[PDB]
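As C-alpha cells, one chain now follows by itself in the form deposited in one PDB entry.
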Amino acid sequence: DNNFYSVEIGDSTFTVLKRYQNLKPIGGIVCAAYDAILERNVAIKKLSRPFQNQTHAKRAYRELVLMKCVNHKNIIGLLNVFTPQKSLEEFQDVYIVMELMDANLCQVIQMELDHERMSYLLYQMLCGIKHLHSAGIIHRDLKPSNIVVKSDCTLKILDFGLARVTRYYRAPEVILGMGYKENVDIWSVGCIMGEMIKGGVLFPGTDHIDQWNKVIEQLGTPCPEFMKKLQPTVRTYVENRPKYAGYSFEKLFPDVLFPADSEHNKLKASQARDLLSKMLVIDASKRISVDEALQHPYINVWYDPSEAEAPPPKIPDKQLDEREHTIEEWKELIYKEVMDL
C-alpha cells in the first residue's frame, strides 16, 4: 500500500516502509538506509520467502526470535521487522531492520592492528560468544563475514550460527562431523586472532579435504586419543593421512610479526602467542574454554568489574524447541513473529 515503496538493489527489489530512505547495498541481501523517524542510519536485511523450505524457515524463525529476545552490547540489535504483504495468504518477504555498523571484521583484519585494537576486538568477540553460550546458543560458524565493527572498534556478532563454501574458520569438530561443546567457538576466535597477526588466512582450505590438510600441516597430526572420537570411515581417512610434526607457535607467529621495542610489547607478544597456543588446539578436550580465554592476561585488561552482566536471554516459553514443522506451519509461525500475534 501507500506505506511502502520499491527500489531495485542488485538482483533484488526492496519494498520498504517510506521511513527508510536512500537504500545502498552493503556486502539475504542487505542495504544501508536513512531511517527518517529515528534520524539514524540503519541496515535492512531482506528474507525472500524464508518459509519456502523447512531449512530456510527454521534458520529465519530462529534468527527473528533470537535477535528480538537477545540484548547484548556484542550482538547486533533488532530495530524493526516488517512485511510489505497485507495477509498470511499474500505473505512472501520479511525485512529485518538492525543497527548499521561501518565494516565487517574482514576489512579490519587488513589494517595494521596493534595489541590494544586486537585484544579489544577479541575481548568483545569472546563476550558476545559467552552471552550466546549462556542462552544455550553454540554458533559453530563464526567468521570475519558475520562479525561487524564501528570505526571506534566496537564489535557485534551478526547471527546465531548453525542449526542443531568458506570453511577457513570451522573447528576440526565441524570439519570432521564430530561431537562438539561450547569451545568449538574458541577455534574461530583463534583463526581470526592468528590472521590479524599474520595478515593471511591461517588454514586456507580450497575444499573439505584441503581444509583438514592445512590444519594438520600447521599444527601437527592430532593424538591417537583424538582419532578414537571420529566416525569409523572418517577415522580411517584421518589415520591414513601422512604424519605431520606441525610447527611451534613461535615458528607459526615469529617475533618479527610483533613490536619488540619495550618490555610491555615483548610481554604482549608472549601473551598473544600463549593464548593462540591454547585456542588453536585440534583436540577440543585440550582446547581453552571461553571463560578461561576471557581470564587470559592478553584479554582480561578490557574487563570492567563495575559493568552490569546482561542476564541470559528470556526466550519466550519454548518457541525455540528443536521441533520440525510443515511449510504451512513455518509460514504462519514466521508471519505471527513479524506481526506480533
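Don't overthink the numbering: it's just position in the shown sequence, from 1.
Heads up, the form solved in complex with a partner chain isn't pictured, but that's what we're talking about next.
Report task. Please determine, with the chain shown alone, which of 187 to 195, 128 to 136, 147 to 155, 245 to 253 has non-hydrogen atoms within 4.5 Å of the partner chain in the entry with it bound. Result -> Heavy-atom contact with the partner occurs in 147 to 155.
Query raised in the report: Which residue, 169, 95, 123, 160, has a heavy atom that falls within 4.5 Å of the partner chain in the entry with it bound?
Result: Residue within 4.5 Å of the partner: 123.
Query raised in the report: Looking at 71, 265, 87, 107, which is the one with a non-hydrogen atom within 4.5 Å of the partner chain in the entry with it bound?
Result: The residue from 71, 265, 87, 107 that makes the contact is 107.
Query - Any non-hydrogen atom of residue 39 within 4.5 angstroms of the partner chain in the entry with it bound - result: Result no; residue 39 lies far from the partner chain in the entry with it bound.
**Report entry** Proximity of residue 214 to the partner chain in the entry with it bound, heavy atoms at 4.5 Å
**Finding:** It does not: once the partner chain is placed as it appears in the entry with it bound, residue 214 has no heavy atom within 4.5 Å of it.
Query raised in the report: Would residue 81 sit within 4.5 Å of the partner chain in the entry with it bound, counting heavy atoms only?
Result: Because no heavy atom of residue 81 falls inside 4.5 Å of the partner chain in the entry with it bound, the answer is no.
**Report entry** Contact of residue 307 with the partner chain in the entry with it bound (heavy atom, 4.5 Å)
**Finding:** Residue-level check for residue 307: yes, a contact with the partner chain.
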